[PDB]
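So this first bit is one chain, no partners, the form deposited in one PDB entry, shown in structure tokens.
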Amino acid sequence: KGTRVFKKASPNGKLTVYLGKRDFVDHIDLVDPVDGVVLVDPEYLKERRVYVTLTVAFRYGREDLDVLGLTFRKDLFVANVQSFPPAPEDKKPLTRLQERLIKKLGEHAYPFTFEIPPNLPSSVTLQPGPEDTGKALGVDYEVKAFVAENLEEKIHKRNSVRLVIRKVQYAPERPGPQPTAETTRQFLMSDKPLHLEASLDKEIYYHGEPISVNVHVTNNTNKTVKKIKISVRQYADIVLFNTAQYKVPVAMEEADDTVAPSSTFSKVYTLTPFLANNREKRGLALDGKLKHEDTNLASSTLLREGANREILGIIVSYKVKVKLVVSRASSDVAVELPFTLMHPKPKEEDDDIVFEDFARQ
């Protein structure tokens, strides 16, 4: 049915890995499996073992993996699997993709499968402090196929193939509408408050999905609201290797909409957080490299009560701010409204097999 397979080969061209996808969705209860095949040249059946490794790491540094001073690494999950010879099989519930690719590719195709446990951090990367784009903090998911004899041998880079895959976070919606945030404020000389109320149409938004902010002002003061700023801010808390908090606006609408003294005002504003308009910003959490076009704003960190926060590396969350600019001569009244930002739902309601390079995007 038009099956695209992504593939990459070792530098020495003797090992090749096939995947059906780059992005593996996390569904809260399960992460859909990394189901792949490794083709091998029998030319190397002398060295005689083909291992595949999934590594999940928090790193500080470059994606070239140079360790050119001031580098950090901490593994968060590791899964090794001996793909040749076919070991005590565990479970090889060969996916239709796997059975297809094995029988098309031939005798020396051997499957590999990784089950990613839930509650791992999704792919995320962030450039800290000054803009030099030198080194980045992040979590990535590396798939590594190599021919060796054991898992202690130093492996020559000509024999390895490395693919950086993405774990992306989905969550479904089932609401009864989101609660309002609200603030009462008195303005010398008030004696009666300006009351600010705002709410959001959904708890859960997806990349590219517009956000609608319902804004309701009851001004029992003599002051005049002159301007209304509506904002989406990302919050990014580094919790491994170097504790730090960043906050970056990612959408903004100023309306010269006024609220008259002793009047009530109501209006729905609509706003979409877009990475394209933050391509320049640093301290901004993304789900992948700025280079690649499949990169978006980082998804929200799904936190379950009493979960180890530290090993998530980067806690990402999002808020809508509604700010009333009040003429004194100016003052600010505001609320902030939490929401969850998720990866959009994957559209999946002779031989159709077109190989594509995995290499980047």
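The first residue of the shown sequence is 1; numbering continues from there. The term rigid core refers to the maximal set of C-alpha atoms that superpose within 1.5 Å between the two forms.
Not pictured, yet referred to below: the form deposited with a partner chain bound.
Although the partner is absent from this view, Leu65 contacts the partner chain in the deposited complex, with a non-hydrogen atom inside 4.5 angstroms. Proximity of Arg73 to the partner chain in the deposited complex: non-hydrogen atoms within 4.5 Å are present.
Mapping the unseen interface onto this chain, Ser160 counts among the residues with a heavy atom inside 4.5 Å of the partner chain in the deposited complex. Residue contact check for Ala87: none of its heavy atoms lie within 4.5 Å of the partner chain in the deposited complex. The partner is absent here, but in the deposited complex a heavy atom of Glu142, alone among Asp237, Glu142, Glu197, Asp201, sits within 4.5 Å of the partner chain. Checking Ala260, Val268, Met252, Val78 for any heavy atom within 4.5 Å of the partner chain in the deposited complex turns up a single hit: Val78.
Here the chain stands alone, but in the deposited complex its contact with the partner chain, taken as any heavy atom within 4.5 Å, falls in 161-169 among 161-169, 203-211, 278-286, 108-116.
Looking at CA displacements between this form and the one not shown with the core superposed, a shift of 2 Å or more is confined, among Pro172, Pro210, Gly134, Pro117, to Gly134. After superposing the rigid core, the Cα of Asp29 is displaced by less than 2 Å between this form and the one not shown. Fitting the two forms on the rigid core leaves the C-alpha of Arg62 displaced by at least 2 angstroms between this form and the one not shown.
A movement of the C-alpha atom of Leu45 reaching 2 angstroms or beyond is seen between this form and the one not shown when the two forms are aligned on their rigid core.
Relative to this form, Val168 and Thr133 separate from one another in the deposited complex, with their C-alpha atoms ending up at least 3 Å farther apart. Cα of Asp132 to Cα of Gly288: at least 3 Å longer in the deposited complex than in the shown structure.
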